[PDB]
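K.L.:
below: the sequence, then the experimentally determined structure.
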Amino acid sequence: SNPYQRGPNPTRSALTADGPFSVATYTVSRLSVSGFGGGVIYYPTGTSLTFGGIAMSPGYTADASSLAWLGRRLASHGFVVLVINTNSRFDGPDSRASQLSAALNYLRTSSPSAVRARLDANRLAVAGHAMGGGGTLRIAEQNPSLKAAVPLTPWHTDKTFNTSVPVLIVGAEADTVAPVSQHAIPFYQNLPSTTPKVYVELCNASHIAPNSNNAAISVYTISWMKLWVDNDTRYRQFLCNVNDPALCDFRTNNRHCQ
Ligand SMILES: O=C(O)c1ccc(C(=O)OCCCCO)cc1
Ligand SMILES: [Ca+2]
């Protein structure tokens, strides 16, 4: 009945590992594009289906490889994921927003045929690590068509974003680079009260927790993307009535659960 629904009924165990789909990659060379530094597209193969798309940005001084595990994890659960490299490794968060915007336009207008055949360009979301997550919040403000945004241990000097795009922010308790008291939590609190939003804080986690395989990040990022990109309400169970011992803070206005 939901034409965008993919994969068997989820289990928490299943969302901590690569999913039902084989994954291929397409390397986007830096010279092949303008507006961002190229990157890697992870996309499902062995299938004739189409899937929503996600543009993902790494953080300060980092490249696409720092989120390669997450790009492949999301792809394997049924998404087309472009993890970008930036024009300069020292680009700030608003620059990363512009480069996410170029990456989304590339997906919708300049995709390789192998990517486009697996892509429903009408259903796009964004995600990002650190300054990349700052850029995710800025692009959510500009582009109301986005289905979801997931900033991972985000960093931004701007603390105030206006968007109706549903936002789930992942904070890291022990983050000294983007302390949650100065970034993640102000971001959550200053988002509109009418916008479906969730803040989770991983116990004992560091700023680099998003840069390698992480069960909690996998569960919440897949579930948020499934819920909003696919309208797949089967993933409400992991985001609602939440009792998760991996988490040491949880905040929501609960607008995503019905
Ligand atoms: O995106 C990241 O992971 C990230 C974000 C911020 C810093 C940082 O040191 O902020 C202080 C200095 C600002 C520019 O020098 C480092 C890394
Ligand atoms: Ca602002």
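P.N.:
Cool, the structure landed. Numbering: from 1, shown residues only. Ligands and ions are numbered 1, 2, ... in the order given.

K.L.:
what's the top helix by length along the chain packed up against?
P.N.:
Among the elements of the chain assigned as helix by DSSP state H, the one spanning the most residues is helix 93-109. Secondary-structure packing of helix 93-109 (3 or more Cβ pairs under 8 Å, 6 or more residues apart in numbering; DSSP states H and E): strand 51-57, strand 80-84, strand 119-129, helix 131-142. Placement of C-beta: from N, CA and C, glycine included.

K.L.:
and the third one with ligand 1, contact?
P.N.:
Put plainly, it is strand 119-129. No - Strand 119-129 stays clear of ligand 1 (Cβ under 6 Å from any ligand atom), getting no nearer than 6.8 Å.

K.L.:
check the second one too.
P.N.:
No - residues of strand 80-84 contacting ligand 1 under Cβ under 6 Å from any ligand atom: none, with a closest distance of 13.7 Å.

K.L.:
could you do stretch 208-228 as well?
P.N.:
No - looking at stretch 208-228 against ligand 1 by Cβ under 6 Å from any ligand atom, there are no contacts, and the closest approach is 8.2 Å.

K.L.:
buried ones in that stretch, by neighbour count?
P.N.:
Of the residues in stretch 208-228, 208-211, 214, 216-228 count as buried by neighbour count, 16 or more other Cβ atoms under 10 Å.

K.L.:
show me which residues of the stretch 151-258 of the chain sit near ligand 1.
P.N.:
Proximity of the stretch 151-258 of the chain to ligand 1, by Cβ under 6 Å from any ligand atom, involves residues 155, 177, 178.
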